[PDB]
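Next up: just one chain, as structure tokens, the form deposited in one PDB entry.
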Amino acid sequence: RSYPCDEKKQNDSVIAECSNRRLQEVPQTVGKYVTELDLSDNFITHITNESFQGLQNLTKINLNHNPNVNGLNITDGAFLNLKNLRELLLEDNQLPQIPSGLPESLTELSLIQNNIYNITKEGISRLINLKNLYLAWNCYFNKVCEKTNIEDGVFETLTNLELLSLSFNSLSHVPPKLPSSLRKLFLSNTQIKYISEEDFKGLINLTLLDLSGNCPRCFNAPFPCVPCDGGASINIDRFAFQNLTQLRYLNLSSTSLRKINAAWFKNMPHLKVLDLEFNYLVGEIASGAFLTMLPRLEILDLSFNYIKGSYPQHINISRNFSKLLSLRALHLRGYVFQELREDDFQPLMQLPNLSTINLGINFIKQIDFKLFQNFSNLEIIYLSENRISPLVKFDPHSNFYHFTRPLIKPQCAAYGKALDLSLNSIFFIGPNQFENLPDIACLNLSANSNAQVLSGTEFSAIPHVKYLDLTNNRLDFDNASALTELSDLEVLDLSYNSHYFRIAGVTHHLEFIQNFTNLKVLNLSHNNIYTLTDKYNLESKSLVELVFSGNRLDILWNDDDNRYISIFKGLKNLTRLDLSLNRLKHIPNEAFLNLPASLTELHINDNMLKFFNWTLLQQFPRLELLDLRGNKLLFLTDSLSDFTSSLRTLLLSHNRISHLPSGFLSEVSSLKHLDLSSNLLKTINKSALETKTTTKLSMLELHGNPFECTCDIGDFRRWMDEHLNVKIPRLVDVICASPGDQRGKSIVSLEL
């Protein structure tokens, strides 16, 4: 049992996870076999060459964010005897300079978010193995440093350097004498307003250039933003990129461009990704000479180029878009326009690989949906945040300018062609809503204030939908025919539906569910279901997972006539059931016994349970996960293993357990993970301490208990050393609440 770090296996190389643990110095109890050491988010103030003594197998050290919330003091040569050290992360440590005597074995060095104003030869010129060097966020909106001092030729001796990041520094000009090994050069937010033919001298290998945020268009930035005088644009000589023949990635986001010189791309015919977000390029999107110079571009982002105060009728797309033969993804959010016509998108219909069209946040009122049938490989049509109506006729390493998360959930898009119409004005489903759509497999209509009474005919023009997201609407699905035109439906998400037509004796009528042969996942969370009117147990032979949290099972199960005792019983294939957040005080024995026999995972967290009948687990021989967190439980059984042989994970955090019964830390030999964190335990008793057969417990959580650190914590501490297979994570947070002189200390730190 290592302490204070959690040691873990990773192929060959053993990692010490030692972060966010309130340490004040480098621990001297780090395993000598450890190869990586994450000491980030602590209170370390001093590093010497003693700090890492006899840790010769160290390959990576992360010291980020120390001291967390005057700088980290690193003595000259502190790291110098670590011969195998490759990666050194020293981010956000308030360093006033580059540490001297860094080891030449380094291939990766991060010094972001410090106060380094001076990049010197003395600091880094001997790091001749360096491949990646991160120096971002150092001389940044800082009254003391007007401009980063880059010693002339400092990087020229770094002949293996492949990645250099200087973003978020007051640079003013590109540093000369960069090594020609450079592949990736990040100069975002550096206050460079002019780029000449000589800035990229000898950089014949460059594959990425990032010049975003120089002369920004300030639109909701998470960092300080300041436009160039006159909101002017970055000035890039015609010939600045003429030698950059390997460039694959070019980021020109937020440079206030109004004009794109076609000649910039002349010698760059393999460019793959071009970011032009947050500029003023509507004119260029219409004439676009540069579009003819990009035969291999795959991703083009032109988002948020709208003209202020403008709402043109139509988007104006140059016919030159038809020259983007390799295009796969087009991002055009925030152009801002009233209607998309068949004709306006003609240039794109020729593109054989175009699979993503992103038109979110354009306030589009009307689209001729049939235009989408005329593409070869359209797979994602993203139209969230527009104004379609019913048709009745921060992390400092972020990519900040690009929409980087999947546009549509991958669980939904994996089914096939995907259409996202969330956050529009589709307040009911018009009879023509889906007319002339391609064969949609994945559909999002979330958050449209949609009050449709579903009747079995609304989705019939797109009958192959497999994943249907209808969350945050006002739908009525009381009709047994609701959604039954969707016979291949697999996943239905009705989370947060509030019913606007409640009829006493009808709502909620859930009969439609029985219709689907292939329905696997159903989310009825936060539907405030407190009444049910189905004659018999609804039966499904397919349903795998039912989410029923945020409803009123407390009312359904307090029914005087016990009508709802059996409501889940006909879910014959169900393995996962979520009954969280249903205000449950006690579940009636007969209601619990009628849960689906097939259950493998049952969540009853965040209720108000004060009683749990453990003996009812005998009825569930497949039960592997039982989640009782966030309740009000006081007692546990002293014979869990008489009630289950399958249970693997038992989660009991945030309850009021003060006592562990004799014979609880077993016998349940199937139990691998037991979570007792955040309860009222003052001690861990002898007898709950037994050892039979093999306590194959491999995770025991205990942090957050008011422990008593007298010699009554001695048993448990001895146990902890007998059973080393049992991991106790976060040992550092298993804290004494008493007596006063032990308070705040780890239960580990007290002597025999």
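We call the rigid core whatever largest set of C-alpha positions still superposes within 1.5 Å between the two forms. Counting begins at 1, following the sequence as shown.
- For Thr45, the record comparison shows coordinates present in all the other entries of this protein that model its neighbours, with no third of them leaving it out.
- Judged by the one-third criterion across other entries of this protein, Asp733, modelled here, is also modelled in every one of those that cover both its neighbours.
- Missing deposited residues between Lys393 and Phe394: 10 or more, all without coordinates in the entry.
- Comparing 74 to 82 with 174 to 182, the stretch with the higher mean C-alpha B-factor in the PDB entry is 74 to 82.
- Higher average CA B factor: 502 to 510, of the stretches 407 to 415 and 502 to 510.
- Sorting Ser196, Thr356, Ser422, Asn473 by the CA temperature factor given in the entry leaves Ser196 at the top.
- Taking only the listed residues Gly288, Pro224, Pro438, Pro269, the entry reports the highest CA temperature factor at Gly288.
- Among all modelled residues in its chain, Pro706 ranks in the middle third by Cα B-factor.
- In the deposited entry, the Cα temperature factor of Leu626 places it in the lowest third of its chain's modelled residues.
- When the modelled residues of the chain are ordered by their C-alpha B factor, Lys131 lands in the lowest third.
- Per the deposited record, the Cα B-factor of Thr637 falls in the highest third when ranked against the other modelled residues of its chain.
- The PDB entry assigns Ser669 a C-alpha temperature factor belonging to the highest third of its chain's modelled residues.
As for the form solved in complex with a small molecule, it is not shown, yet the points below apply to it.
- Across the options 673 to 681, 656 to 664, 291 to 299, 560 to 568, residues that bring heavy atoms within 4.5 Å of the small molecule in the entry with it bound belong to 291 to 299.
- Checked against the small molecule in the entry with it bound, the candidates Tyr249, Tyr280, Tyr140, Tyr194 yield a single residue with a heavy atom inside 4.5 Å, and that residue is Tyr249.
- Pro406 is the sole member of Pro621, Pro406, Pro269, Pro224 with a non-hydrogen atom within 4.5 Å of the small molecule in the entry with it bound.
- Proximity of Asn358 to the small molecule in the entry with it bound falls within the 4.5 Å heavy atom cutoff.
- The small molecule in the entry with it bound comes within 4.5 Å of no heavy atom belonging to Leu581.
- None of the heavy atoms of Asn214 is located within 4.5 Å of the small molecule in the entry with it bound.
- Although the partner is absent here, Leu171 lies well away from the small molecule in the entry with it bound, with no heavy atom inside 4.5 Å.
- Within 4.5 Å of the small molecule in the entry with it bound, a heavy atom is found for not a single one of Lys83, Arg86 and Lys131.
- With the rigid core aligned between the shown form and the other one, only one of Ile204, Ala414, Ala286, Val506 has a CA shift of 2 Å or more: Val506.
- Comparing the forms between the shown form and the other one on their rigid core, the Cα displacement of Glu379 stays under 2 Å.
- Annotation for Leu609: C-alpha shift under 2 angstroms between the shown form and the other one, rigid core superposed.
- Once you line up the core between the shown form and the other one, the Cα of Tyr140 ends up 2 Å or more from where it was.
- Compared with the form shown here, the Cα atoms of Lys409 and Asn220 move at least 3 Å farther apart in the entry with it bound.
- Compared with the form shown, the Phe223-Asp41 C-alpha separation increases in the entry with it bound, the change being 3 Å or greater.
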